[PDB]
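Notes to accompany the following structure.
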Amino acid sequence: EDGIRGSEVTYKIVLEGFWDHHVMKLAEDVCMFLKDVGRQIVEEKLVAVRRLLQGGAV
Amino acid sequence: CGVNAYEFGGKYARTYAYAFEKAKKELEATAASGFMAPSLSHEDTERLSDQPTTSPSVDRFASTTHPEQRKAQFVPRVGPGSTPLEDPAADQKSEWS
Amino acid sequence: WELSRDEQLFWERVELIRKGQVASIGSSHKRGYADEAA
Amino acid sequence: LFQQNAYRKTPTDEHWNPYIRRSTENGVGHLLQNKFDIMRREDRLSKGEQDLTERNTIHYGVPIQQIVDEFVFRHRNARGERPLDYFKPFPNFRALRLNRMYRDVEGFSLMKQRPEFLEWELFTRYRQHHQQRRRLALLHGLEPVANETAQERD
Amino acid sequence: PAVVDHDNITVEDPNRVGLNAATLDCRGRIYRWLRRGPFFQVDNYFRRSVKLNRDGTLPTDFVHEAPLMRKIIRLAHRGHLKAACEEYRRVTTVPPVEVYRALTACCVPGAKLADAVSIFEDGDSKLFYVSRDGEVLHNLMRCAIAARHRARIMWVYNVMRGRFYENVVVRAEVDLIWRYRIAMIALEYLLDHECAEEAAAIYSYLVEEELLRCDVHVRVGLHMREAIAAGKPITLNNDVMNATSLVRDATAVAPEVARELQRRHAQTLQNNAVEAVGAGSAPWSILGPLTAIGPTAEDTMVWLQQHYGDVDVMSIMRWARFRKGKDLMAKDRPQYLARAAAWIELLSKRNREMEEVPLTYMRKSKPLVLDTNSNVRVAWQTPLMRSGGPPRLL
Amino acid sequence: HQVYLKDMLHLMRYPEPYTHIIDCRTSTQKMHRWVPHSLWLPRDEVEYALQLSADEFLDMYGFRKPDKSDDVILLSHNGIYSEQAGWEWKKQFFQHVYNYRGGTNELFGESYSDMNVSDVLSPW
Amino acid sequence: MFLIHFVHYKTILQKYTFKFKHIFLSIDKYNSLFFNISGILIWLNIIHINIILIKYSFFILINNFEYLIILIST
Amino acid sequence: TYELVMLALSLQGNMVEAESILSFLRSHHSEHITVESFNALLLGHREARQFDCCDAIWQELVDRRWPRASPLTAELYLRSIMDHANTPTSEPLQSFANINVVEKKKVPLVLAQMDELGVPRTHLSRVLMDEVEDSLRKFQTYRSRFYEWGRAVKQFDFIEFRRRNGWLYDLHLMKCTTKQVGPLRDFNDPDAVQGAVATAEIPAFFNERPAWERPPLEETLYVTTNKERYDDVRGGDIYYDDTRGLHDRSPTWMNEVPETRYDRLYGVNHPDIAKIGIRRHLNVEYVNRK
Amino acid sequence: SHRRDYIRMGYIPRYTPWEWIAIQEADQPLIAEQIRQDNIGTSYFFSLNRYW
Amino acid sequence: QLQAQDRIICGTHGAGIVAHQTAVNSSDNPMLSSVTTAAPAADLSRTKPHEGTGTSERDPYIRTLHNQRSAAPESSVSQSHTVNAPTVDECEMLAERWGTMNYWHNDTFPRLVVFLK
Amino acid sequence: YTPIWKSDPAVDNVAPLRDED
Amino acid sequence: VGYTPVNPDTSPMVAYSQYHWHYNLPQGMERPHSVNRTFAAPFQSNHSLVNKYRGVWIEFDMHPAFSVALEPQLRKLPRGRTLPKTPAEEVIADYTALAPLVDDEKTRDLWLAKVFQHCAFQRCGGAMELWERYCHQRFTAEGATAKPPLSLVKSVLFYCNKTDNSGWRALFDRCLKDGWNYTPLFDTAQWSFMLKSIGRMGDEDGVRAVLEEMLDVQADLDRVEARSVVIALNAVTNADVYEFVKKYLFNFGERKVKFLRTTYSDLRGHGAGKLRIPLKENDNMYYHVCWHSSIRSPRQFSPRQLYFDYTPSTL
Amino acid sequence: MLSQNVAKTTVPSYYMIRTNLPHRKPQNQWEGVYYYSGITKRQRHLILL
Amino acid sequence: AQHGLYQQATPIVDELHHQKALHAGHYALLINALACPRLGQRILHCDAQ
Amino acid sequence: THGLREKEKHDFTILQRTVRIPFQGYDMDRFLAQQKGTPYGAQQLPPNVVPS
Amino acid sequence: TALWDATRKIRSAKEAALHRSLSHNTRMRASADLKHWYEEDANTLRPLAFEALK
Amino acid sequence: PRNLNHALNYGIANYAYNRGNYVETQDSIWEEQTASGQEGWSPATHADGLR
Ligand SMILES: O=c1ccn([C@@H]2O[C@H](COP(=O)(O)OP(=O)(O)OP(=O)(O)O)[C@@H](O)[C@H]2O)c(=O)[nH]1
Ligand SMILES: [Mg+2]
């Protein structure tokens, strides 16, 4: 399926603290991090895909 | 007539010649080694008798066993990243391209 | 050759220095070091 | 002087360590090994490009974000460089940044450097005209095509 | 040190090996017990018994468990894999190599690859590498063949070459002859299905180990075995090796192979030159890179030598002889011919370089003098494309 | 940093120009022989010697004051006095300073002591 | 013998510079957060309360190590 | 022809053009493309020292599984990895540890891919297999080892190995931090009594007295030991810094040392050292330089 | 690293800095079983019955 | 999208907002009372890659610009769903080409009309 | 506990060389 | 407060105090730690390696022509990690019969190395003749130039070591620098067996020669098995060789030394049965071993045992 | 002998019993697990040779 | 050529071209040989590591 | 060694506190060029120097 | 022109010799000098052309 | 030569378009940022201000 609803591989990270705001702020941090690492990886796969689309053998 | 001014004149002549012959011998090693010269640290050689008195391998430190005393300067200088400089561990020294 | 020359030269300077010492101090004796008591 | 070289036998003494080895501080001279690389280095320095051997030490400088942060810290929020909209209720994220000139002002020569009275308003009206031109363009399907030659552009 | 008798256990506990709750000095022991690693009981039971002999002999031979191994093998031979495994589970001591040979050999016909691989993987590094053997590996490779798995052929081969750990430290490494055989059915497969890369890798390894002439060495070896049986002297000479039926027959077929190479190549040139225009005849086919063969045997061997000579052609013509036990030279001539042709074609880099397709010639470019696009560039034009135009440089 | 016997013999047969071996023996009474290519700066005088300018030094010791880049090897009977003199050569900052342990005793087979200090401690 | 008298040239050029920080530049210390202390309660045998500055306290520390102490708006 | 030209451009270190060529070939001629092209670009990026493109091209070459990678290809990409992995950064990032070693952690992943592609790992230069084996021995471990790798014994033995080689500095149990850093003073108030909210051990190079405040190189010119007072201290710090000059001597030094031929120069600022010097008696001509 | 107010004057990073991540990451080894690559198939017969 | 984005953000060492033309000379302001006039820069000198002698903008006290390769981010524009102007080399091979129905009948530059013409 | 082992004999290491020469 | 100390990880009153991080501060990581990156420790298990060959690898290089032809005879000899139980007399008879029929030096010699190994495993004493019958003439006799295949040397040497024999001393001496120079190429196992046999027959001088040679050739000292070194150092009663063995005892490592003391103390101890031939009593050597051990290991401070008899003096 | 061997305990006394001061450092969460990755001088020698 | 002696190869090749004994693929063969790739091996393995 | 270099850098940092960001113009090409005196009628004469 | 080709070949050969020498020498690689590569060239190396006669 | 149009901005940099025309300048910029791939048809986000 398109857009949000679908994927190849789904990761769920369950973070657990002793104090609420601890885990909340933690979630913000880890989230920002995976936003940047995520952008990096997915970008690379994108340039690969675009090359593949431009032409190639079978 | 002025040989006695230069390093190959007089008392040091004997040194020069020594070096010279070593070089020949050394070159042969490099010819046999595939023109990749052996270790300057002489870690390649099989026998302890092999390594020259000249090589940097010979361990000259204040103490052999007590590591605090194996420093070069007054305190123990560290490499980049606070990695030990003075006596390198086997895996710290890398020969790579 | 030069080894011989320099040998004699050495003992020459040793001689002169030693005489300097005995002359200025006045005696052939010297102190020990404060660490040479023990 | 003692500190620099104490028992040091040769300048490369510590180059058993790969990280001290490729440090370009003293110069690049020890990382040039074969003739080929030296010709190459010569070539690329003459072409005004960067020297490939200098890339032995990876230098990430300070990111732009960090620079701007230090600036606006040294200035205690740097109110000189803020847009006036920043001082009004609920500024949007565009009003939150500094005073940099964008690309929209580039074709308007009426206002010279100091715009006179009403000039700036006029310009703003031109700018809006162009935003509407863009809207009409996307609308009826005539917009820049990345491929287009000058006749098709015309 | 404590040892547990599994025969003699009593309520009285003479040896004092049990963990006592209240005795003097028990405390640090009890702590020690609660601190134990997850496999402690099992691991210590496994290592205290079952260890490599001082000789370099496997623990593999034990009297009490022998009939079991006999049963496993006898079961695997009649082709009951599951039964054999259900009994494999019950084995307390390391089973002998013969067990694994039987299990994988049973694994071959039904094409089950995964199970063969997991067997061999059970014998590696777990059990002291009882399962690193020529025969076992051989069965694994034949399995990969049945199941047409390329990557797994390469995996098996990679295992058989082995690593410094298994080679030097363990001293478990496959026999020379076996390495030859495995690599050879792998090469058979790869060259038949036209995989150039892995063929080139395996072939390069054959070259490196001096295994090109090997099948000859084995044939000669058997004749020399019977000659020692009779009591006569034996030696290894070039005349003894070129006396073999294999070498003689290959030498006999050489001119035919060369003629086939010539024909095939000529026709490939033709095809390329016709596809070049999108279909008459292009100039591309008028004069090709291959020289005409002189009318002689020596002219043939020389021709093969200079055009195809990065590979060893004689050995490839030898290998291409047998297919599935059938002898191709003595039954189907043209099939053998096309096969040796194909294999020499695939294994040589020279032929690959000269069989290529003509490609159009790319235009260099400069960016525009009046900028519109960064994507729109001024293309250089060859003198051929524009006649006229002023005199220009390169 | 220690200099071993081999190094010393090799430095007798094939000497380096700017490598200076240096004699630390204190008493002229007990020095009956000469170390090849050596030069005499007695331990007791070192502290003053190194404070000299090259001209003043040449004047007093009759040989050139070694540069701070040059190898300086120190020599004595036991190696003790050569070590104290060594610290002295180090404090004024000299880059290569080496000490032969049991040097003149190993060289000439003499059994002597720079100072009398005995292994045994006096019971407290 | 001696044919000549000469002036002793030397190349003293230092052109390469290697400094290596001693190990004690990177050694650890104890750093702390520092706020103005608004008040203190100490209790061991007898509870004693100091009050420096009276304000709504945004933060409070508790420390049990020997004497119980509460550092208020620390 | 084209793969040769690509290889040429690459050896030059010119990527823009080489990749332009591959682009052309991709667009029109694609069905003819061999692996040696991707080998060209790989080797090329390794020259120019762009390791992210070196990565990009391996990942792409894994996705399209054709043409098949060659043991040479994996040789190139792996080499590139070790190269990246062994480069230093500049000094701002060099404070805590050498970062780029993380790129070696990439390896046991790449290796796994080699198995899936059918590139035999045993075709690698012996050189590179040593390098990569060392990389493995750095980061790879199995389930087995991982269950047991936290045994207290093993941890403490590591501590001990560090003890015999005299590096205790970074270890947790084995270091004792002493020095505290004091607060900064405000001109906004002396009156305010600051106190500690939190405490953390951090390296001293964050805050340490600026280079122009402190005496010159302290490592070389001053011998300093941080030590504890033996007496009972009623107030103040129980740790003091014992510092002495390297060249420090007793005020009585002249007397604790044997007398020298210099002694009669006592308290003289500009001596004639030529006069009491032996060179004048030693030399026949004796030119005095002064 | 360049920030001399770090824990002393009250600046405590809300996001853990890239360098530090790189180091913590560089220190511990990566488990080999976490790669999850299966190209063969499931072993029906042998796998569950393997050595005790 | 800044004006002269490269000449300023990518090409200038400070991102334009650090003023490199400044004298380190002693100032009479109350807050500048800590400032000591600097010695002139070391003449033939080899710096660390992250610094400079602080002479000019071309040579800052702290070097911000990385020495590595710079590549602007990969466009988020769809390469697939966009349809460019037909090239020549596309119109030669048009008979073998596979498009979307949107590619043949595309409003601007329909390829079907070309294929038939 | 010292000395551990018998110290080396009185041997003169200098003489043989200079004699050869 | 109590006799049970607060475990500082669980206790909030520790954790959240002023000397640690309270929960309202921002909970990030304080400083990075690279421990394993800065200084790395090499792997030495306290348990010995499980899969090592443990024996002497005889290096079978045979051409894959004769290796097919000689298979019916070879099959009775040892292959890799396999030790067939065939009677030694039969194998020697086979070689004696067939070997002159084959023309290669390499093949015959490799074959012979295998025969020697097979006989060394069953400890049959009548093998040495094969050395004097074929090989002695072209290798050890009267300065014959020929240089033996390494496999052969190693094999014969292992035979002399397994079956206690004097002949070893002639072979060993030929393998130094000036001779064939096969000494650097020996397995650690080889040196172990060598030292063990030599120590059994009781030659102090053989022991000194071999240890000298091992130290020079840079063999792996600490990984030379303890049993053999203890037996070898046990046989030494002579004053000079004794001095040499103190000075050589310093060439080992801390751990190795502790388990030398332990091995020694077990071998004349409870583990006296572990040996085929019991040890011979050497009191001075065993003592000096335990003494070296006590010296090199770290010292523990036991004030009551040291100062037990001490008394203050007002002197 | 070795100067980084430094007392981790305070002198034995009743302060240990009558105070809440803990007897060890609390575990450091971001300290990696000490594990063995590395080679000997002997092994490096072997590889080079 | 392949072994890296081009010098000894030059007279031979000149004389071959003289007699018109050389044909199409033969020149390819020779020019390809001029890359010394039997030397390529000795360099690759020993020197270049 | 005396660290005057480091103090110089830090003092530069101190001076930065005061400065503005420069005005680069509404049309930046034009401004830069005018500043250099290139465009038409933008040429400025050298400041007149009193002869010595 | 032809003579120029020959001369060029000769100088090339001399320099190639130097290059092999410098690339394969470790002790000279020890002192880090670019100068080593430029301190001898077709001008300086032997054979010298103006010395040919003698 | 690349400076043919220079006369239109004398001494100021060369342009290939009329820089006195606002609309045409902005259009030039549009086309540039299109060709560079900073500007173009992209799958929409929720935040892009659909209205
Ligand atoms: O270190 C060890 C440990 C154990 N063993 C075991 O002790 C048994 C007898 O112990 P011995 O070690 O006395 O016999 P051996 O020397 O004749 O044995 P080989 O080495 O010749 O085989 C050996 O046969 C073996 O079972 C050792 O030989 N060495
Ligand atoms: Mg009870």
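How things are named: the first chain in the structure tokens is A, the next is B, and so on; residues count from 1 in each chain; ligands count from 1 in the order shown.
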When you get a sec, could you note down which chain G residues fall within 12 Å of chain B, using only C-alpha atoms, as a compact mmCIF listing (two decimals) with N, CA and C atoms, in the first residue's frame?
# COMPACT_ATOMS: atom_id res chain seq x y z
N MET G 1 97.13 13.73 8.59
CA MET G 1 97.52 15.14 8.50
C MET G 1 96.32 16.02 8.20
N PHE G 2 96.56 17.32 8.07
CA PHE G 2 95.48 18.29 7.87
C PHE G 2 95.71 19.17 6.64
N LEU G 3 94.83 19.09 5.64
CA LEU G 3 94.96 19.93 4.46
C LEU G 3 94.26 21.27 4.56
N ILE G 4 93.32 21.39 5.50
CA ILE G 4 92.38 22.51 5.45
C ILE G 4 91.77 22.91 6.79
N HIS G 5 91.19 24.10 6.82
CA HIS G 5 90.46 24.58 7.98
C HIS G 5 89.08 25.11 7.59
N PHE G 6 88.03 24.59 8.21
CA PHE G 6 86.66 24.90 7.78
C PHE G 6 85.68 25.25 8.90
N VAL G 7 84.54 25.81 8.50
CA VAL G 7 83.62 26.52 9.39
C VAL G 7 82.40 25.75 9.95
N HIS G 8 82.30 24.45 9.67
CA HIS G 8 81.27 23.61 10.31
C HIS G 8 79.81 23.98 10.05
N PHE G 18 56.02 17.98 16.24
CA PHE G 18 55.22 16.96 16.91
C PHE G 18 55.16 17.18 18.41
N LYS G 19 53.97 17.53 18.88
CA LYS G 19 53.70 17.57 20.31
C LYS G 19 52.74 16.45 20.64
N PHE G 20 52.97 15.76 21.74
CA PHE G 20 52.03 14.75 22.18
C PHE G 20 51.64 15.01 23.62
N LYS G 21 50.36 15.31 23.84
CA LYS G 21 49.86 15.64 25.16
C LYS G 21 50.22 14.55 26.16
N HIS G 22 50.69 14.94 27.34
CA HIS G 22 50.93 13.97 28.40
C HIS G 22 49.59 13.38 28.84
N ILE G 23 49.64 12.19 29.43
CA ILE G 23 48.45 11.42 29.77
C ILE G 23 47.48 12.18 30.69
N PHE G 24 47.98 13.14 31.45
CA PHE G 24 47.15 13.79 32.48
C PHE G 24 46.37 15.01 32.00
N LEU G 25 46.37 15.27 30.70
CA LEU G 25 45.44 16.26 30.16
C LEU G 25 44.01 15.70 30.09
N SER G 26 43.89 14.39 29.83
CA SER G 26 42.59 13.75 29.68
C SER G 26 42.06 13.05 30.93
N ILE G 27 42.78 13.14 32.05
CA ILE G 27 42.35 12.46 33.27
C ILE G 27 41.10 13.14 33.84
Neighbour list for residue H:139 as an NGL selection string, cut-off 9 Å, only C-alpha atoms, skip fewer than 3 positions in-chain: (:H and (104-105 or 107-108 or 134-136)) or (:I and (26-31)) or (:M and (37))
Got time to write the residues from that selection, C-alpha atoms, as a PDB file, in the first residue's frame?
ATOM      1  CA  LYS H 104      35.562  -1.477  10.384  1.00  0.00           C
ATOM      2  CA  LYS H 105      32.315  -2.495  12.131  1.00  0.00           C
ATOM      3  CA  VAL H 107      32.817  -5.473   7.638  1.00  0.00           C
ATOM      4  CA  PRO H 108      31.082  -8.507   9.158  1.00  0.00           C
ATOM      5  CA  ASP H 134      41.643  -8.236  12.673  1.00  0.00           C
ATOM      6  CA  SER H 135      38.480  -6.246  11.983  1.00  0.00           C
ATOM      7  CA  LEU H 136      36.406  -9.391  12.787  1.00  0.00           C
TER       8      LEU H 136
ATOM      9  CA  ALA I  26      32.758   1.696  18.114  1.00  0.00           C
ATOM     10  CA  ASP I  27      33.438   0.099  21.455  1.00  0.00           C
ATOM     11  CA  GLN I  28      31.175  -2.945  21.601  1.00  0.00           C
ATOM     12  CA  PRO I  29      31.189  -5.831  19.104  1.00  0.00           C
ATOM     13  CA  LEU I  30      28.307  -6.736  16.859  1.00  0.00           C
ATOM     14  CA  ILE I  31      26.665 -10.160  17.302  1.00  0.00           C
TER      15      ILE I  31
ATOM     16  CA  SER M  37      40.383  -8.333  20.979  1.00  0.00           C
TER      17      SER M  37
END
Those of chain A in DSSP helix (DSSP H, G or I), formatted as a PyMOL selection string: chain A and resi 3-5+20-54
Surrounding residues of residue N:10 excluding itself and chain neighbours under 4 positions, 12 Å, only C-alpha atoms, as an MDAnalysis selection string: chainID N and resid 1 4:6 14:17 30:31 34
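Listed by chain and then residue number, the contacts of ligand 2 are residues 21, 22 and 23 of chain E (distance at most 10 Å, using only C-alpha atoms and all ligand atoms).
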Would you put the residues from that selection into a file with N, CA and C atoms, as a compact mmCIF listing (two decimals), in the first residue's frame?
# COMPACT_ATOMS: atom_id res chain seq x y z
N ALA E 21 24.07 -28.19 51.59
CA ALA E 21 23.48 -26.92 52.01
C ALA E 21 24.12 -26.34 53.27
N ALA E 22 24.20 -27.13 54.34
CA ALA E 22 24.64 -26.58 55.62
C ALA E 22 26.09 -26.84 56.11
N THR E 23 26.88 -27.64 55.40
CA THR E 23 28.21 -28.05 55.91
C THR E 23 29.13 -26.85 56.11
Exercise answer, 9 Å around ligand 1 with only C-alpha atoms and all ligand atoms, as JSON, numbers by chain: {"E": [53, 54, 55], "L": [55, 120, 121, 123, 161, 162, 163, 192, 193, 196, 197, 200, 225, 226, 227, 228, 273, 274, 275, 276, 277, 278]}
Pick out the residues sitting within 10 Å of residue A:58, and hand them over as a compact mmCIF listing (two decimals) with N, CA and C atoms, in the first residue's frame; count only C-alpha atoms, and ignore anything fewer than 5 positions along from it in its own chain.
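Heads up, here's the output in selection.txt:
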# COMPACT_ATOMS: atom_id res chain seq x y z
N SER H 30 22.93 -0.48 -22.13
CA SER H 30 22.96 -1.19 -20.84
C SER H 30 23.20 -2.70 -20.87
N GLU H 31 22.62 -3.40 -21.83
CA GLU H 31 22.71 -4.86 -21.87
C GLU H 31 24.13 -5.38 -22.10
N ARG H 64 21.11 -4.70 -7.95
CA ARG H 64 21.14 -5.37 -9.24
C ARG H 64 22.18 -6.45 -9.02
N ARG H 65 21.83 -7.71 -9.22
CA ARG H 65 22.78 -8.76 -8.91
C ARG H 65 23.56 -9.13 -10.15
N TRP H 66 23.31 -8.38 -11.22
CA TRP H 66 23.94 -8.59 -12.51
C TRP H 66 24.48 -7.27 -13.00
N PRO H 67 25.70 -7.28 -13.55
CA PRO H 67 26.60 -8.43 -13.67
C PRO H 67 27.11 -8.90 -12.32
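By chain and then residue number, the residues within 12 Å of residue K:7 are residues 102, 105, 106, 109 and 111 of chain F; 2 of chain K; 240, 243, 244 and 247 of chain L, counting only C-alpha atoms and disregarding those fewer than 5 positions away in sequence.
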Polymer residues at most 12 Å from residue A:25, only C-alpha atoms, same-chain spacing of 2 or more positions, as a PyMOL selection string: (chain A and resi 15-17+19-23+27-32) or (chain I and resi 13-16) or (chain L and resi 24-28)
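The gap separating atom CA of residue H:73 from atom CA of residue H:36 is 8.2 Å, in Å to one decimal.
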Which residues are near stretch 8-22 of chain F? Cut-off 8 Å, only C-alpha atoms, ignore same chain within fewer than 2 positions. Put them as a PDB file with C-alpha atoms, in the first residue's frame.
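out-v6.pdb written:
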ATOM      1  CA  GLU B   7      83.457  10.958   7.354  1.00  0.00           C
ATOM      2  CA  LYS B  11      88.963   6.591  12.114  1.00  0.00           C
ATOM      3  CA  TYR B  12      85.473   6.549  10.618  1.00  0.00           C
ATOM      4  CA  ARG B  14      86.112   1.613   8.780  1.00  0.00           C
ATOM      5  CA  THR B  15      82.506   2.552   9.612  1.00  0.00           C
ATOM      6  CA  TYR B  18      80.987  -1.500   7.092  1.00  0.00           C
ATOM      7  CA  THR B  53      72.990  -4.271  16.930  1.00  0.00           C
TER       8      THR B  53
ATOM      9  CA  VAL F   3      73.321   0.800  25.985  1.00  0.00           C
ATOM     10  CA  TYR F   4      74.341  -2.873  25.918  1.00  0.00           C
ATOM     11  CA  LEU F   5      77.796  -4.485  25.552  1.00  0.00           C
ATOM     12  CA  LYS F   6      77.313  -5.365  21.849  1.00  0.00           C
ATOM     13  CA  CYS F  24      82.437   9.601  34.114  1.00  0.00           C
ATOM     14  CA  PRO F  36      88.094   3.850  22.615  1.00  0.00           C
ATOM     15  CA  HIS F  37      87.130   7.332  21.315  1.00  0.00           C
ATOM     16  CA  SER F  38      86.113   8.366  24.832  1.00  0.00           C
ATOM     17  CA  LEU F  39      86.450  11.805  26.447  1.00  0.00           C
ATOM     18  CA  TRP F  40      86.838  12.634  30.129  1.00  0.00           C
ATOM     19  CA  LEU F  41      84.223  14.596  31.991  1.00  0.00           C
ATOM     20  CA  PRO F  66      78.459  17.987  22.292  1.00  0.00           C
ATOM     21  CA  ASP F  70      74.002  14.520  19.336  1.00  0.00           C
ATOM     22  CA  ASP F  71      74.272  11.099  20.972  1.00  0.00           C
ATOM     23  CA  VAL F  72      76.003  11.171  24.328  1.00  0.00           C
ATOM     24  CA  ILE F  73      76.958   7.873  25.905  1.00  0.00           C
ATOM     25  CA  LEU F  74      77.952   7.851  29.562  1.00  0.00           C
ATOM     26  CA  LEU F  75      80.444   5.456  31.091  1.00  0.00           C
TER      27      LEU F  75
ATOM     28  CA  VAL K  14      87.895  -5.262  24.733  1.00  0.00           C
TER      29      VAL K  14
END
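Note that the spacing between atom CA of residue F:61 and atom CA of residue C:1 amounts to 22.9 Å.
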